[PDB]
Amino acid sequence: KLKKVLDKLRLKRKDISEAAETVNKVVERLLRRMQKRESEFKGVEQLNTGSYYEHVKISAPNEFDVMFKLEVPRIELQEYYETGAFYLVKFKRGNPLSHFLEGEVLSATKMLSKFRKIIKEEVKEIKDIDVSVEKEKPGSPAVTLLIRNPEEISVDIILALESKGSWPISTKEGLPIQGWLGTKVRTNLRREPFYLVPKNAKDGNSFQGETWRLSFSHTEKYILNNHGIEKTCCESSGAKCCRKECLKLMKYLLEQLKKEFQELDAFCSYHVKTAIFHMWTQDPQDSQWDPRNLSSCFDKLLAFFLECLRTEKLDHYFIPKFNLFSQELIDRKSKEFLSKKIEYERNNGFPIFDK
């Protein structure tokens, strides 16, 4: 049954070819524009991120996430209150970024506005492809493209500051992978740079326009590609596990529920991905994720998610004091609403999987 759902969720090679060809053409053109010439974003490099490049994209290849990352040396971070995730950026000259300053502080809003303006002008010159820039979203770090290939494809272009220093201390007790992927992996991952994206902290019913947010799309991608306690997990001379399949089933469940209940707008795939990371830490043995145990693994994930929902607590995997299910982010009656919907599908063999 779950097996038949996964077959339905599996992407088609022909759809992947058509979508990728068009997406890569458009992105490459955008990145080229950033490089040339008197652009403040001149040194940006591309990193592909999110569901599709993690191989956990379901149903259709119609959503692509890409980071344009700018190394900016000699920055000092100041934690915006005690959020753990949000920061203000200051500088340790006649530099490319001096006009994005709001006093001594590097403004996320200003920098993102220019970045978006450049993309809009470049997109206007694309004539062989039907692509447009979607309207700006409140507190989004993304410049979102809309492509008609003729099928609809969304591409999020995410500006990110790259910092080569050690990660901010709010992450010190995050990434608890020591009994799973191990201490050498954790240490090496934490020696990689960290990123800030111009997503603003929500302060009441407004946004703080200078704040940036930590991003670990890079570490997350590595983990999804290197997810076993055994090095050969899912390799050609190793054993297939069901970790990713279990994540797909969960994303699907949430996706289907979101399509018909508007009171679930505050929930998203990132909550599901965060939940399963915790599950992978809780159950690190590959033997616990044998494909023969898919049903029980999915049920265990469901139970864990319901418990996060009920206790109003889902710790960011990298920033443990940052609660994705705080009352401030998601109202209590939204969590109770999702709770009842999940229990129903769980007690009725997921009729919603039949669309």
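Definition used throughout: the rigid core is the maximal C-alpha set that superposes within 1.5 Å between two forms. All residue numbers are counted from 1 along the displayed sequence.
**Student:** After superposing on the rigid core, which of 14-22 and 339-347 has its C-alpha atoms sitting farther from this form in 7 other deposited structures of this protein?
**Tutor:** This comes out as 14-22, the stretch further from the shown form in 7 other deposited structures of this protein.
**Student:** Taking RMS over all structures and residues, which stretch has CA atoms farther from the shown form in 7 other deposited structures of this protein, 136-144 or 263-271, after a rigid core fit?
**Tutor:** So, of the two stretches, the farther one in 7 other deposited structures of this protein is 136-144.
**Student:** Across the other PDB entries of this protein that were compared, is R93 absent from at least a third?
**Tutor:** Yes: coordinates for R93 absent from at least a third of the compared entries.
**Student:** Per the record, how many residues of the deposited chain fall between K92 and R93 without being modelled: none, 1 to 3, 4 to 9, or 10 or more?
**Tutor:** Gap size class: 1 to 3 residues without coordinates, per the record.
**Student:** Where do the C-alpha atoms have the higher mean temperature factor in this entry, in 40-48 or in 326-334?
**Tutor:** Higher of the two, by average CA B-factor, is 326-334.
**Student:** On average, which has the higher Cα B-factor in the deposited entry, 257-265 or 142-150?
**Tutor:** Going by the record's values, the stretch with the higher mean is 257-265.
**Student:** Per the entry, which of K300, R33, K321, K69 tops the list for Cα B factor?
**Tutor:** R33 has the highest C-alpha B-factor of those listed.
**Student:** Based on what the PDB entry reports, which of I276, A201, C233, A160 has the top C-alpha B-factor?
**Tutor:** Of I276, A201, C233, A160, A201 has the highest C-alpha B-factor.
**Student:** Consider only the C-alpha atoms of the modelled residues in this chain, order them by B-factor as the entry records it, and name the third containing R29: lowest, middle or highest.
**Tutor:** Middle third of the chain for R29's C-alpha B-factor.
**Student:** Sorting by Cα B-factor within the chain, modelled residues only, which third would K341 end up in: lowest, middle or highest?
**Tutor:** Answer is highest: the recorded C-alpha B-factor places it there.
**Student:** Rank-wise, by C-alpha B-factor, drop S206 into the lowest, middle or highest third of its chain.
**Tutor:** Tercile = highest for this residue's CA B-factor.
**Student:** Which third, lowest, middle or highest, does the CA B-factor of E312 fall in along this chain?
**Tutor:** For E312, whose C-alpha B-factor we compare with every modelled residue in the chain, the answer is the highest third.
**Student:** Quick check for you: using the entry's CA B-factors within this chain, is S98 in the lowest, middle or highest third?
**Tutor:** It falls in the top third of the chain.
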